[PDB]
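below is the structure, and that's it, no one-letter string:
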Ligand SMILES: O=c1c(O)c(-c2ccc(O)cc2O)oc2cc(O)cc(O)c12
Ligand SMILES: O=c1c(O)c(-c2ccc(O)cc2O)oc2cc(O)cc(O)c12
Ligand SMILES: [Cl-]
Ligand SMILES: [Cl-]
Ligand SMILES: [Cl-]
Ligand SMILES: [Cl-]
C-alpha cells in the first residue's frame, strides 16, 4: 500500500489514526513497531520524537497524531471529520487542544496512592466535567449526529481510561457524576467502526497494569 | 470595531494575533486587560483558561493564540499565512506544535542558577538547533520568502527571548552557535509589520526582570 502506518496494537494515539483512515476508506499497511528496538524507518521518518504513530504517504512521513489527523482530513476531504464553518472549526481545535493539555492530570492516576490518588481522580473528573458541559453539551457526539476529529481525539477516555481505572483501583468516568459524558463513551464504543477497531480489553488491561508498575 | 482583541502590551501570545490581524488588514479594537483584575468580558469569553489573548468576532470569542491564528487564516483567506499543499500544511502545524511543547525548557531559564542555568541554556540551544536545521533550513523565513504562521509562532524567540537572556544573564540565540536562526531572528524583527508592532525593549526587559524575580 501507498499509505503506511508505523503503529502499535495498544497506543490510543495510533488508534486515532486507524479510525480516521477507516472513516475515509483509505487502504493502508499497519507496521507494528517494537518500542524496545525501533526500526531504521521509524528513526528516519520521525527523528524529532522517535515515537509512533507515523503516517507515511507516498514515502513522505507525518508524525504526531493531531497533525496526522488534520493531514488525513485535508488529503481525503470526502466523509468530512471537521465542520466547514471557521468558528465551528476553531471550537473543534480548541477542544482538541484542551484534551492534549490535560495529559498530566491523567498521569497522576499511575503515580499517586490512597489519600492523594482520590484527589488526582477528583481533578480528572473536573477536567472531564468541563469537556462534558462546555464541549459535548446535549449532542450525541462531539461531531453532532456522527463522530468527528473531536470524538476521535477523546476516544482515549473510553476503553483506555476504563483500563487505567481498573489498574489504579479508582473511579473517574461514572454515570452518576458525568451522565452525558458516560453516555457518550458508551455510544462511541458502540459505533461499528470503533467497535471493530479497538484493542482487546484483557490485553489492554495487562498493558496498563505494566505501565502503572513502571510509573510506581 | 466588529473585531476585538482582549490583549496585553507585553504578551508574545497576544502579539502573534496583532501580527496576523495586521497582515490580513483587519481593523480591530485592542482592549488591554489588567491581569490582577480581569474584566467580566474576559471571564465570560474565556471561562476555561481566563487568559489573554481572546479574539471576539461578531460577539463570539476565540481563545488560545494557536486556535485564533488558524481562525484568522480561515476567516480572511486573502494574503495566506499557510501553504495550500496538505503535506506542507502538516509540516507547518508540526513545527508550530513542536514550539508549543518546548515551553518548559525556556521556563528553566528563570528558575535555575549558575551550574544548572548553563545546562538549561544549553538545552534551549539544542531545541532551537533542531528548529533551525529541520524547520528553517536555508530559507529566509519559515514561510519561505515572506513570513507565515510558523514565523509568527516563533516570533517569541526574537525580542522576548533577548529580554529573557538579559534578565537571566545567559546567552542562547547567538550567531556563532545558531547562524541561520540568528540571521532569521534579525530578518523577522526588520520586517516592517513586525518592527512597527513589537513592545518597547526597555519596558519588555523590565517586565521579564519582574517575572524572573517572581519565578526566583
Ligand atoms: O497519557 C496517556 C497515555 O500515554 C496513554 C497510553 C496508553 C497506552 C499506550 O500503549 C500508550 C499510551 O500513550 O493512554 C492514555 C489514556 C487516557 O485515558 C488518558 C491519557 O492521558 C493517556
Ligand atoms: O513561556 C514563555 C512566556 O510565558 C513568555 C511571556 C513573556 C511575557 C509575557 O507578558 C507573557 C508571557 O507568557 O515569553 C516567552 C518567550 C520565549 O522566548 C519563550 C517562552 O517559552 C516564553
Ligand atoms: Cl501522537
Ligand atoms: Cl502520555
Ligand atoms: Cl495563547
Ligand atoms: Cl509560559
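Arrived safely, thanks for sending. Numbering: from 1, shown residues only, chains lettered A, B, ... in the order given. Ligands and ions are numbered 1, 2, ... in the order given.

residues from chain A in reach of chain B?
By CB under 8 Å from any CB of the partner chain, the residues of chain A that approach chain B are A:47-48, A:57, A:60, A:62-64, A:66-68, A:70-71, A:74-75, A:86-87, A:89-90, A:93-94, A:97-98, A:130, A:134. From N, CA and C alone the C-beta is placed, and that goes for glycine too.

from ligand 2, how far off is the residue lying closest to residue A:109 once chain neighbours are set aside?
Leaving aside its chain neighbours, residue A:109 sits nearest to residue A:168 (4.9 Å; criterion: CB to CB, 6 or more residues apart in numbering or on different chains). According to CB to the nearest ligand atom, to the nearest Å, residue A:168 stands 32 Å off from ligand 2.

same check, this time on residue A:165
Residue A:165 sits 34 Å away from ligand 2, going by CB to the nearest ligand atom.

isn't that residue right up against residue A:171?
Yes - the pair residue A:165 and residue A:171 qualifies as a contact (CB atoms under 8 Å) at a distance of 6.0 Å.

so these two - more neighbours on which side?
Between residue A:165 and residue A:171, residue A:165 has the larger neighbour count (other CB atoms under 10 Å in any protein chain shown), namely 18 against 13.

pick out the residue of chain A closest to ligand 1.
Going by CB to the nearest ligand atom, ligand 1 is nearest to residue A:106 of chain A, at 3.2 Å.

surely that residue and residue A:168 touch.
No - using CB under 8 Å, residue A:106 makes no contact with residue A:168, being 10.2 Å away.

more neighbours: those two, which one.
More neighbours surround residue A:168 than the other of residue A:106 and residue A:168, with 22 against 18 (other CB under 10 Å).

let me see the contact set for that one.
For residue A:168, the contacting residues are A:109-110, A:117, A:212, by CB atoms under 8 Å, 6 or more residues apart in numbering or on different chains.

count the residues that sit near the residue in chain A positioned nearest to ligand 5.
Here chain A gets closest to ligand 5 at one residue, residue A:97, 9.9 Å apart by CB to the ion. Using other CB under 10 Å, residue A:97 has 18 neighbouring residues.

residues contacting it?
Neighbouring residues of residue A:97 by CB under 8 Å, 6+ apart: B:64, B:66-67.

kindly provide the distance from the residue nearest the centre of chain A to residue B:5.
Residue closest to the mean C-alpha point of chain A, counted by CA atoms, centre = their mean, is residue A:156 at 3.8 Å. Distance of residue A:156 to residue B:5, given as CB to CB, to the nearest Å: 34 Å.

can you map out the helices along chain A?
Applying DSSP state H to chain A gives helices spanning A:12-24, A:40-45, A:65-75, A:86-101, A:103-107, A:117-130, A:149-154, A:159-168, A:179-190, A:192-195, A:201-215.

buried deepest among these, which one?
Most buried of these by mean neighbour count (mean count of other CB atoms under 10 Å in any protein chain shown) is helix A:149-154; its value is a mean of 26.

when you scan that helix, is anything in it near ligand 1?
No - Helix A:149-154 does not reach ligand 1 (CB under 6 Å from any ligand atom); its nearest approach is 9.0 Å.

what does stretch A:27-43 give?
No - Stretch A:27-43 does not reach ligand 1 (CB under 6 Å from any ligand atom); its nearest approach is 8.7 Å.

give the residue farthest from the middle of chain A.
Max radial position in chain A (CA atoms, centre = their mean) goes to residue A:115, at 28.5 Å.

quick one, what contacts it?
Neighbour list for residue A:115: empty [criterion: CB under 8 Å, 6+ apart].

now residue A:67
Contacts of residue A:67 by CB under 8 Å, 6+ apart are B:90, B:93-94, B:97.

for residue B:146, state which of those residues is nearest.
residue B:93 (18.7 Å; CB to CB).

identify the residues contacting the closest one.
So residue B:93 contacts A:66-67, A:70 (CB under 8 Å, 6+ apart).

with residue A:163 instead?
A:201, A:204-205, A:207-208.

and for residue A:72?
A:17, A:20-21, A:24, A:26, A:55, A:81.

in stretch A:31-51, what counts as buried?
Using 16 or more other CB atoms under 10 Å in any protein chain shown as the test for burial, stretch A:31-51 gives A:31, A:33, A:42, A:45-46, A:51.

now do the end-to-end distance for it.
13 Å (CA to CA, to the nearest Å).

who's in contact with it?
Against stretch A:31-51 from outside (CB under 8 Å, 6+ apart): A:4-9, A:52, A:54, A:56, A:61, A:63-64, B:98, B:130, B:134.

circling back: and which of the buried residues of stretch A:31-51 is nearest ligand 3?
Closest to ligand 3, out of all of the buried residues of stretch A:31-51 and judged by CB to the ion, is residue A:51, at 6.6 Å.

for residue B:199, see how far away residue A:46 is.
Counting by CB to CB, the gap from residue A:46 to residue B:199 is 37 Å.

now do residue A:197
For residue A:197, the distance to residue B:199 - CB to CB - is 50 Å.

swap in residue A:126?
From residue A:126 to residue B:199 the distance is 35 Å (CB to CB).

cool, residue A:180 as well?
44 Å.

cool, and residue A:213?
To residue B:199, residue A:213 is 49 Å away according to CB to CB.

contact residues of chain A facing ligand 3?
Within chain A, the residues that sit near ligand 3 (CB under 5 Å from the ion) are A:13, A:65.
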